[PDB]
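Protein chains in written order, with the numbering used here: chain A, 310 to 429; chain B, 54 to 136; chain C, 54 to 136; chain D, 1361 to 1455; chain E, 1361 to 1455.
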Amino acid sequence: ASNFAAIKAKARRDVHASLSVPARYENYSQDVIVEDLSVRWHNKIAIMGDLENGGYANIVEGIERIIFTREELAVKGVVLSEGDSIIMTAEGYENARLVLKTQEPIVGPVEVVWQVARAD
Amino acid sequence: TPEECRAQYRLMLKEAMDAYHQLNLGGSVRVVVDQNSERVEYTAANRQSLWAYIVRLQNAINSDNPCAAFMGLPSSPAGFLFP
Amino acid sequence: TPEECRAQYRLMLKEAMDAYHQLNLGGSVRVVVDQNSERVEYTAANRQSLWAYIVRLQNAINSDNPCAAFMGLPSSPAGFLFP
Amino acid sequence: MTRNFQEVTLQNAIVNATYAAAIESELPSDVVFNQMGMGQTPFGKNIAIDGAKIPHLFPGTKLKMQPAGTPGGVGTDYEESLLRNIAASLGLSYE
Amino acid sequence: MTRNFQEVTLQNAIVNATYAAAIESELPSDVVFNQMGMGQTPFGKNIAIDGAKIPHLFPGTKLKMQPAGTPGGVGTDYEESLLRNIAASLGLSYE
């Protein structure tokens, strides 16, 4: 009906072009490597790990997810899979290594969001 | 290369005339928000400058060497011939 | 093709007269928000410019070479003939 | 240099007089000039003067009339002084 | 110094007369000068004038007429005073 599907796409594309950071894809087997990927890293602090509320020790880990552009993944030949690692090569991100765990359902035209886990 | 640049400008003209249409109708986007809660605001389009850009493009397309006629860089003042 | 671009402009003109109507009546959508919270804000239409756009389109349609009459670039200043 | 001054002043005058008016419009030229009398037949891309027209111009179309001003320098004391300087060398009176 | 004044004043005059007008426009020069009569054939790279014209200019294109004004200093009592100083030395009347 409307052109909103394209407006939304261009919006997401500009959001990425402005807020993305470079990354490196290293697959689980480390057989293939793809550098200079652009991803957006969303990290929120979490304290987790206690079974039920048994009184076990928690660890501090993030609730975090990485936004990709699908066009770029297809262009660069990247087939994201569980266990694959994203390294943040930007200066000052300490080469944080993020292990892809599971993918969020693709809603919308430009981006795909993976829930990941900090590994270092 | 001339015709590759001409096609470049033809596509850009398509986009610009569509933008001018949407702009005069009031359908030119200045803000977008997705249910993702992510937002994008745009610098407002201006009808004068957009028409002028359209004219640059159409003129370059009409010219033999579009990539030069677009910028008009080597300008010179109009002289006059008198009867 | 003449009649091709003429139909294109008749369609664009239909959209434009509809928008000019809704504009004068105060029904031109400048902002939209859905309960999904997604949003679009538009650059508000200007009645003068939209009227002039309608005039461009109508003059092109009524013309024999629309694509050329829309832009008017085969331009030149008006001269005068005297009694 | 006096001759160059005279001639470029005359060119300036003529150029200023040709552009008797200017329209600033976002309309097409064919509409604007039709408003001003283009193609109108005279009865009781060249505009036929017939008389005392009152054009109707849509808002945002500005008609700025540019009546011919008096070009300065020539015909003033300045050009008199130039010709005096010359005639002094030629041995002549300015008159 | 009065010679320098006369000559640089004349250059200033010729320069200000040369630029009979200016167009400031984000339009291409090729287009703007076409609006002004470049390429128009004169009957009933440079502009052939043919009678008066009424250009149609798109909004944002300010056409600024710049008619030749009168240069000061020369022809006025100032130059008279300089030449009078010189005449005083050469033993001559100002006339």
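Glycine included, C-beta positions come from ideal geometry on N, C-alpha and C.
| Query | Result |
| --- | --- |
| First and last residue of the uninterrupted alpha helix (DSSP H) at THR96 of chain B | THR96 of chain B -> no alpha helix (DSSP H), and no H or E assigned at all. |
| Cα-Cα separation between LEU1443 of chain D and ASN1372 of chain E, rounded to whole angstroms | 18 angstroms |
| Pair within 8 angstroms by beta-carbon distance, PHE123 of chain C and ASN1406 of chain D | no |
| Proximity test, Cβ basis, 8 angstroms: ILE1374 of chain D and chain E | yes |
| Under 7 angstroms from the C-beta of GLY80 of chain C: neighbouring residues of chain E | Neighbours of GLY80 of chain C on chain E: none; closest Cβ ~27 angstroms, over 7 angstroms. |
| Extent of the continuous alpha helix (DSSP H) run through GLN1366 of chain E | 1362-1378 |
| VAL108 of chain C at chain B interface by Cβ criterion, 8 angstroms | no |
| Residues, ordered as in the chain, of the stretch 1420-1437 of chain E that lie near chain B by beta-carbon distance below 8 angstroms | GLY1420 |
| At least three beta-carbon pairs within less than 8 angstroms, the stretch 104-120 of chain B to the stretch 107-121 of chain C | no |
| Any chain C beta carbon closer than 8 angstroms to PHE1418 of chain D | yes |
| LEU66 of chain B, buried or exposed, once every other Cβ within 10 Å from all chains shown has been counted against 16 | buried |
| Limits of the beta strand (DSSP E) - the one that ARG349 of chain A falls within | 342-357 |
| Distance, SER129 of chain C Cα to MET1398 of chain E Cα | 8 angstroms |
| Assigned exposure category for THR1401 of chain E - 16 Cβ within 10 Å defines buried | exposed |
| Nearest residue (CA-CA) to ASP340 of chain A, options A:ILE415, A:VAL388 and A:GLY401 | A:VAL388 |
| Given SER347 of chain A as reference, the closest of A:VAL324, A:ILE415 and A:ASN336 once Cα atoms are compared | A:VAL324 |
| 9 angstroms Cβ cut-off: residues of chain B touching residue 137 of chain C | Coverage of chain C is limited to positions 54 through 136, which leaves residue 137 of chain C absent and any answer about it impossible. |
| Cβ pair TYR1438 of chain E, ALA1447 of chain E closer than 8 angstroms | no |
| Touching by the beta-carbon criterion (3+ pairs, under 8 angstroms), the stretch 68-76 of chain B and the stretch 407-425 of chain A | no |
| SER1385 of chain D and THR1421 of chain D closer than 8 angstroms at C-beta | yes |
| Cutoff 8 angstroms: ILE1409 of chain D Cβ touching any chain C Cβ | yes |
| With 16 other Cβ atoms within 10 Å as the buried cut-off, status of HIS1416 of chain E | buried |
| Nonlocal neighbours in the same chain, by C-beta distance under 6 angstroms from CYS58 of chain C, ignoring five residues either side | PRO119 and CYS120 |
| Chain-order list of residues whose beta-carbon lies under 6 angstroms from that of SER116 of chain B (same chain, five-residue window excluded) | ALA122 |
| Residues bridged to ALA1382 of chain E (per DSSP) | E:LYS1424 |
| Extent of the continuous beta strand (DSSP E) to which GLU413 of chain A belongs | First-last for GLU413 of chain A: undefined, no H or E at that position. |
| 8 angstroms contact criterion, which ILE342 of chain A and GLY358 of chain A should meet: CB distance rounded | Their Cβ separation, rounded to whole angstroms, is 31 angstroms, which puts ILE342 of chain A and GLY358 of chain A out of contact at 8 angstroms. |
| Residues that DSSP places opposite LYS1413 of chain E in a beta bridge | D:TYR1379 |
| Rounded separation between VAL1434 of chain D and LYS1424 of chain D - CA only | 27 angstroms |
| Residue range of the unbroken beta strand (DSSP E) whose run includes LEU134 of chain C | 132-134 |
| Secondary structure of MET1398 of chain D, DSSP reduced to three states | strand |
| Residue of A:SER327, A:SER338 and A:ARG427 minimising C-alpha distance to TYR95 of chain B | A:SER327 |
| Exposure of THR1430 of chain D, with buried meaning 16 or more beta-carbon neighbours within 10 Å | exposed |
| CB contact below 8 angstroms: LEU1387 of chain D versus chain C | yes |
| Whole-number beta carbon distance between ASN336 of chain A and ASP429 of chain A, since they are thought to touch under 8 angstroms | Not confirmed; about 18 angstroms, so no contact. |
| Chain-order list of residues whose beta-carbon lies under 7 angstroms from that of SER81 of chain B (same chain, five-residue window excluded) | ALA72, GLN75 and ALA98 |
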